[PDB]
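Worksheet: one structure, shown below.
Read the figures in this text as sums done on the coordinates, not as results from a lab. Because the Cβ atoms are built from the backbone with ideal geometry, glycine has one as well, and the counts that use them run over all protein chains shown.
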Protein chains: 2
Amino acid sequence: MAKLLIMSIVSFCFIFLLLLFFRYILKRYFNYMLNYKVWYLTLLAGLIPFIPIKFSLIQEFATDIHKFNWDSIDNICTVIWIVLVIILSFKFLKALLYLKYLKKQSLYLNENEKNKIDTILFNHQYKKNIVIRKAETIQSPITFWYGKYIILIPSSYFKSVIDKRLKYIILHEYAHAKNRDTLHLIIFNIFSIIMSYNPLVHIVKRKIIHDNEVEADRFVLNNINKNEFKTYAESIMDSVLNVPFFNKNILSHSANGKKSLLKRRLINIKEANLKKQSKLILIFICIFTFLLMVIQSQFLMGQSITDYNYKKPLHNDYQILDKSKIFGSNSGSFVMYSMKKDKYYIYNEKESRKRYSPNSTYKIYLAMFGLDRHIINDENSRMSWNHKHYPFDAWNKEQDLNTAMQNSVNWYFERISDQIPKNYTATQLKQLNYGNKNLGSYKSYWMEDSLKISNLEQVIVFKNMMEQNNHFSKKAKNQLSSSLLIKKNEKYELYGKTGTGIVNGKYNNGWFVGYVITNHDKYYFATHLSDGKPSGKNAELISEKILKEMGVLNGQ
Amino acid sequence: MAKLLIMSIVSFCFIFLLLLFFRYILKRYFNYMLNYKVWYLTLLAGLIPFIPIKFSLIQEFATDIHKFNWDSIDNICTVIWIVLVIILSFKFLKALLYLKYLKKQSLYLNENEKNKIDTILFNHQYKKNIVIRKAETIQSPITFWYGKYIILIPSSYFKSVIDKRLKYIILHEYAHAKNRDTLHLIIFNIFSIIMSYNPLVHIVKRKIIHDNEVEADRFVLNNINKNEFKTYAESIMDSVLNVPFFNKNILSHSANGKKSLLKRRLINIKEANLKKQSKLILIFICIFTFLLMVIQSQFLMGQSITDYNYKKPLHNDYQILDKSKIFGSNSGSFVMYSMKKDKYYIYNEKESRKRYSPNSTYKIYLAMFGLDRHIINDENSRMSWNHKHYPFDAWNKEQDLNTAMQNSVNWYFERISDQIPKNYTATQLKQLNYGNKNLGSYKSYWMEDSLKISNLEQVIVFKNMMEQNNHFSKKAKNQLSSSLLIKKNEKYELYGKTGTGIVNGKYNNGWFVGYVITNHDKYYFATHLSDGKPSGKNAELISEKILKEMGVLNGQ
Ligand SMILES: [Zn+2]
Ligand SMILES: [Zn+2]
């Protein structure tokens, strides 16, 4: 239904706007106005979407189709509309009952009352399918429909019959009757319930009402002497100024037609209670409210700093590199570090400092955490398969840590997160400075989600993981290390891990991280591609090529 | 930014609502009111989200992470805000320039004018950091800030000085000055630009203004005799009734403070041009508008009929079945048909008639269409691989039609849709009654998307595809058929195809379709599971078991 309700709103607003446009033009240039019946077109326009006419002029293998969650939109849209119509229906009925009450309590007029009405309407031979009644229960005129078109006038106006107030009242309310405004109002009012999903129904009923009163004024002017026009306007003002103003009913017409500013102001004057409120009233409210604002300040807010990249300086000595030739077709950034010299070597430092979600490379942390916490071990580095198929054929099997890491088997790693107390992981994120340390709410929060780290930070953290972390065992450090070997020669053993930030089928994060153990030094590094085809494989190739050219993988 | 703008709106509305609540209570029960300065808290509340304080109390394998398209939300939210603030800034400046003009055009008062102001404010020793000016360019009082708090009074009120209008005007505007309302208004006004993303800024400036006028009224009552209270209210009305009403400025205070209904009505009376507009004006507009409504009727609308299942009768003779034992754990529906008898056999007909997207089973139509149209053939039943990895390991290869169909290789089939003129496909959807024949906009529209078909329709269409379709070659019919063989014995050859409606990792459509060629008859069928584990594999198992029990796969 949500789509239909929306389409209805669109249809409605289209027509509605066109009419507003015309309304403007007609008055602005010609002193012309719309015949309000035209507004029925907006209602009709919004009913169009609901008219059912096609009018115009073996091997079991499968993938996951990612559709929008419409159930959570249409189930609620349906309910929202239903509840509201019930509420509005009640409001309507309440108003209806009011009208019925008055109908029951309506009084008949005698010949010395009826003749005033006749005097007023007679000259234009207005129709007799109208009802005039009086009452002791009202302060100012009220119209009613009932197929009768009743004008109920407070009985006091049958005493105050020497100031022409009735002339204006009757012609005014009469005009509404003439044009069946009350009825039409009711019809629209009913439709405002039916079509309550579209707030413009209220907007238009209001505009209609405003204009209905205007047309009535036009009528009255047509029915009065030019030298009484001023009087009429004054009368209109008196009809509101001298009375209490309440929306006692939303169906009938009356002088007090809207929640105006004057309404509020004038009532306050009538209720001239010149009491100075205690200063403490607002001291309390203001501080209370302030504290409630504080409560809002106790809650989630954003920070430009969080959105930002490593804005921090590097505390270590470093050199800036130019490796743009190697990045070539896949622009990015790169960080290398020398353990012996405590020196960093950074390509495009501004970019090196940019934080990206780790993707699959985080799995080394996830797995090694499981190892230290005694969740995952060597004898039991393995995880059971749930027999659910996964994204690569390579993943549809049981596996140990070396296999799981080598083939990036997400299943293996999903279970590892589930099997490790989250607080263990959170503790390590904090202790070893894991980028923004943002664990999100996702068990695999690093997988193109909430946790982000720069290449510089990635190098710092891994290096410290082995070099400094005193809250992590030697076995976990080494067991993990062996699973990452890429290549080796007479100078070194190169270790690392790739991952691809692939989202909605496109590449966004070309990750490759690692370290090198050589026969002269130890190096740490991180590569990230953002442009071209920023895949994990390209990052691997790029990193190796760089490290070799820089002497890391070539003896210098 | 969208998230922040939203958070701001939320923060704002929270506080705002609390204040509205208090406002209600204070007046409703005590005749007390908020000190409008409190509304600064809503502005502050909406600024909170922007405060950057973390306050509270290798083998390359990868999968696709399906994230929400925030770029299309934040890029626009940013622009929307920027454009609007520019517009509002202009509007502000326009208002500012107006005020500057008046400042430049302000006139000084002489001693016989100044003494009136003094008479009015003197008794309460009101401060002199106020400016009184007069002008020939205005009709009613206007306030200005400039750090001066200027009250500009039309020069005519210095002639009409024997009716106490000034008493009320000055005290009223003075009160606004006393409380620095103009300034605060301006500040809020400036913030309504800054925080324009939140429409409540306008709501509150309005509420503030309304209440500012109220506080001024309270002040005035505090500063006048009780027997003048009535006069004051009348004066307020005169200050609007007897003047043109225009929002000449949105910063200054004036008598004509809002776009009221009375405003509109009274102007219309002043402009008492009693011209009957031609009837043709609205005949045109109404019909035009109608035709524009028709234009909306020329457009997309929904149909309950489209949303509905096969509401149609079956034109063929049939028997209703009870196979609930076999469905068992995976409730659904099932249709079988006898070619010799022209009879249908239907389990849960109400459910059999339900339409579901075909999933991978549609591929038989897609492929056979390619065959007839001479896009795909036998010698060239094959399709090249684009070297992109696909959802199953089974799919990461080149393939012919038999392999592609047997392993559901979506890639193969995606290319087939791309290689077949869409009109060929559309023609066949129409000619052979393919369910709702809805081709969507998706090249693979049948894959848990727009095309839907019932099991009954699935049986009818496939049967007719071979039995009746005279716009489709024999080779395409048979080539496709061979690729579907499941099993055979001394009575028959069973053919078919599965597919699984898996969405966001869950099973929704357990499809299996097919036919049986026996040594006595020919049968057609379609199975669909909706409950339990409605997988394509279960559908295959269920269908076979049913067909055998029914005699289809067992000689009867
Ligand atoms: Zn009226
Ligand atoms: Zn004022």
**Report entry** Given charges at beta-carbon only (K, R positive; D, E negative), |dipole| of the protein assembly as shown in Debye
**Finding:** 4580 debye
Report task. Could you tell me what percent of the DSSP beta bridges with both partners in the protein assembly as shown are antiparallel, to the nearest 5? Result -> 80 percent
Query raised in the report: Taking 0.36 nm per residue of separation and subtracting the Cα-Cα distance, what length does fully extending residue B:225 through residue B:350 add?
Result: 36.8 nm
Report task. Quick one: of A:275/B:259; A:397/B:397; A:279/B:258; A:230/B:134, which pairs are farther than 23 Å apart, Cα to Cα? Result -> A:275/B:259; A:279/B:258; A:230/B:134
**Report entry** Simple label model, 7 Å out from Cα along Cβ direction - residue B:162 to residue B:464, nm
**Finding:** 9.8 nm
Report summary line: Here the FRET efficiency for residue B:57 versus residue A:288, based on Cβ atoms and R0 = 22 Å and rounded to 0.05, is 0.80
Report summary line: Computed, not fitted: 222 nm per-residue ellipticity of chain B from DSSP H runs ≥ 4 (each -39500 (n - 2.57)), nearest 500, equal to -14500 deg cm²/dmol
Query raised in the report: Does the stretch B:450-556 come out rounded, prolate or oblate by the C-alpha gyration tensor, with a ≥ b ≥ c the root eigenvalues, rounded set by a/c under 1.5 and, if not, prolate when a/b is larger than b/c and oblate if not?
Result: oblate
Report task. May I ask for the Rg/Rh ratio of the stretch A:14-170, computed from Cα atoms with Rh as the Kirkwood radius, given to two decimals? Result -> 1.22
Query raised in the report: Quick one: in chain B, whose Cβ comes closest to the B/A rotation axis, and how close in angstrom?
Result: B:393, 1
Report task. Could you please state, rounded to a whole Å, how far the C-alpha centre of the stretch B:279-307 is from the C-alpha centre of the stretch B:99-155? Result -> 56 Å
Report task. Identify, among A:145, A:78, A:21, the residue whose Cα sits farthest towards the positive end of the charge dipole of chain A, taking +1 on the Cβ of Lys and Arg and -1 on the Cβ of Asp and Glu, with the dipole about the Cα centre. Result -> A:145
Report summary line: Yeah, the stretch B:112-209 with a ≥ b ≥ c from its alpha-carbon gyration tensor (a/c under 1.5 is rounded, else prolate when a/b outruns b/c, oblate otherwise) is prolate
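If you place +1 on the Cβ of every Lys and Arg and -1 on the Cβ of every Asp and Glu, how big does the dipole about the Cα centre of the stretch A:316-549 come out, in debye to the nearest 20?
220 debye
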Report task. Could you check the simple spin-label distance between residue A:31 and residue B:180, using points 7 Å along Cα→Cβ, in nm with one decimal? Result -> 4.8 nm
Requested in this report: Rounded to whole Å and ordered largest first, report the semi-axes of the equivalent ellipsoid of the stretch A:280-372 derived from its Cα gyration tensor (root of 5λ).
Outcome: 45, 19, 15
Query raised in the report: Given A:513, A:503, A:332, which one lies farthest toward the positive end of the charge dipole of the stretch A:316-549, if we put +1 on the Cβ of every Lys and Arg and -1 on the Cβ of every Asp and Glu?
Result: A:332
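Of A:422/B:506; B:497/B:522; A:67/A:452; B:27/B:127; A:363/B:3, which ones are farther than 19 Å apart at the Cα?
A:422/B:506; A:67/A:452; B:27/B:127; A:363/B:3
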Query - Cα point-scatterer Debye curve for the protein assembly as shown, base-10 log of I(q)/I(0) at q = 0.04, 0.07, 0.10 Å⁻¹ - result: -0.36, -0.95, -1.25
Report summary line: Rounded to whole angstrom, the alpha-carbon centroid of the stretch A:157-173 lies from that of the stretch B:493-556 at a distance of 83 Å
**Report entry** Distance in nm between pseudo-label sites at residue A:418 and residue B:127 (7 Å out along the Cβ direction from Cα)
**Finding:** 6.9 nm
Query raised in the report: Just going by the charge dipole of the stretch B:317-549, with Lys and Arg at +1 and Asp and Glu at -1 on Cβ, which of B:346, B:361, B:538 is farthest out on the positive end?
Result: B:346
Query raised in the report: Evaluated at 4 °C with a viscosity of 1.567 mPa s, what Stokes-Einstein diffusion coefficient in µm²/s does chain B have when Rh comes from the Kirkwood expression over alpha-carbon pairs?
Result: 41 µm²/s
Query raised in the report: Can you work out D for the stretch B:317-549 in µm² s⁻¹ from Stokes-Einstein, where Rh is the Kirkwood radius over C-alpha pairs, the temperature is 4 °C and the viscosity is 1.567 mPa s?
Result: 73 µm²/s
Report task. Give the distance, in whole Å, between the Cα centre of the stretch B:408-480 and the Cα centre of the stretch A:15-91. Result -> 34 Å
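Can you tally the net charge around residue A:32? Count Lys and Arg as +1, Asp and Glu as -1, for every other residue whose Cβ sits under 14 Å from the Cβ of residue A:32. Can you show the working numbers first?
Values: positive: A:23, A:27, A:28, A:218, B:275, B:276, B:279; negative: A:211, A:215, B:271.
Local net charge: +4.
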